[PDB]
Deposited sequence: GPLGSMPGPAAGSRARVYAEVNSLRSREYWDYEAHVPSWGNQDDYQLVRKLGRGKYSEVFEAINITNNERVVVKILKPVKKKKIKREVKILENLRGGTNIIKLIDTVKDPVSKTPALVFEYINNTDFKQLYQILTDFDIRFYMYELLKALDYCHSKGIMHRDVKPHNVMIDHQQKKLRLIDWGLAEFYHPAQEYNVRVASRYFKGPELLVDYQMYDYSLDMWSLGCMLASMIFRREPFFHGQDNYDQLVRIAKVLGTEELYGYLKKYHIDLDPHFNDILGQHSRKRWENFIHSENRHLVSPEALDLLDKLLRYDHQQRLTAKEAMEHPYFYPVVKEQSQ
């Protein structure tokens, strides 16, 4: 088996009300207090609260879903006021359609496709640090995000603001609990998910964070571009090495079902167009995040102490 190295028992130490999301009963206000003005790139809208003129974000939930609405609302409520976590303002329902929606603080996202082309080395350090603050917070609150990717990391580069959003895939970590491995987006799935290892933990988010770092400093996005679930692991093995994949599988007693490849040096991904983004310290932090062995990956708190972030601290 396996368990998390840092916040393993925090949900156990809390009231059952904290993590028993199925017993959670949201109070649904009236969505007609909100004017949905601009569809953002679930259907998500920039909106105005018509009573106080406040600019907000309204995310329309899938009505049919019951359990995942309860889970997302409870997690957002537990995480409210956490650093760089999107702030849930209200839970409302449309009068006509009775469809549930969530109201959030507004953030003006730049869109990573254009943003990642103009980021400096410092910016990447800066925003990775901001994102790690979010992850250490939510992990410390016993929650795995399980969908960390550029699309769920809002960045307002004008105001230098970051919000980790979209907690509809998030779950409470309980030691030895077996989780669905088909969470997250293909490109940001840790190998533990891809080899069907169900007793994963917060470190899954640390893999995803590493993919983001690699794509940003190397300007290859997504960094691990699998064509389907299977190929996703081959893409990873093409970098971390096929023989090292087996060593990981032999550990944790995991039965795999590719080719030969051998582990690449992170330095081999450097060329003229990303050399000014890559440093030895970025590559060392990267090597400690993008590791087969989920127990060896830095925790968010450990990653924040890495020399990579000294200039940001």
**Message:** If a residue lacks a C-alpha atom here, it counts as unmodelled; so which stretches of the deposited sequence fall into that category?
**Reply:** 1-11, 53-56, 273-278, 335-339
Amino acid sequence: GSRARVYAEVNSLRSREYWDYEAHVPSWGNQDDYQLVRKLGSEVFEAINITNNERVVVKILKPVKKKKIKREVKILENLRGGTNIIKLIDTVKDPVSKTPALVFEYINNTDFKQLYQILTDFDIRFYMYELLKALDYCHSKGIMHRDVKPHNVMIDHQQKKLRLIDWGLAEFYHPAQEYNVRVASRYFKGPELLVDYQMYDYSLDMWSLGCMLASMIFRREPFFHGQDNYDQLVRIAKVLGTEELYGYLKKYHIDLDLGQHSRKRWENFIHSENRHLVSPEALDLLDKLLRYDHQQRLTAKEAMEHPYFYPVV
From here on, numbers count along this sequence of modelled residues.
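Rigid core (definition): largest C-alpha set, two forms, superposition within 1.5 Å.
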**Asked** After a core fit, does 148-156 or 96-104 show the bigger CA gap to the shown form in 6 other deposited structures of this protein?
**Response** 96-104
**Request:** Read off the CA B-factors in the entry, average them over 97-105 and over 133-141, and name the higher stretch.
**Result:** 97-105
**Fill in**
Per the PDB entry, mean CA B-factor is higher for 144-152 or 173-181, namely for 173-181
**Asked** When you compare the CA B-factors of 275, 59, 288, 263 as listed in the entry, which one comes out on top?
**Response** 263
**Asked** Looking at 73, 118, 206, 162, which has the highest CA B-factor as recorded?
**Response** 118
**Item:** Where the record places residue 283 (Cα B-factor, split into thirds across the chain)
**Value:** middle
**Message:** Splitting the chain's C-alpha B-factors into thirds, which one does residue 230 fall into?
**Reply:** highest
**Asked** Ranked by Cα temperature factor within the chain, is residue 310 in the lowest third, the middle third or the highest third?
**Response** middle
**Asked** residue 215's Cα B-factor: lowest, middle or highest third of the chain?
**Response** lowest
**Message:** Using the temperature factors of the C-alpha atoms in this entry, rank residue 35 within its chain: lowest, middle or highest third.
**Reply:** lowest
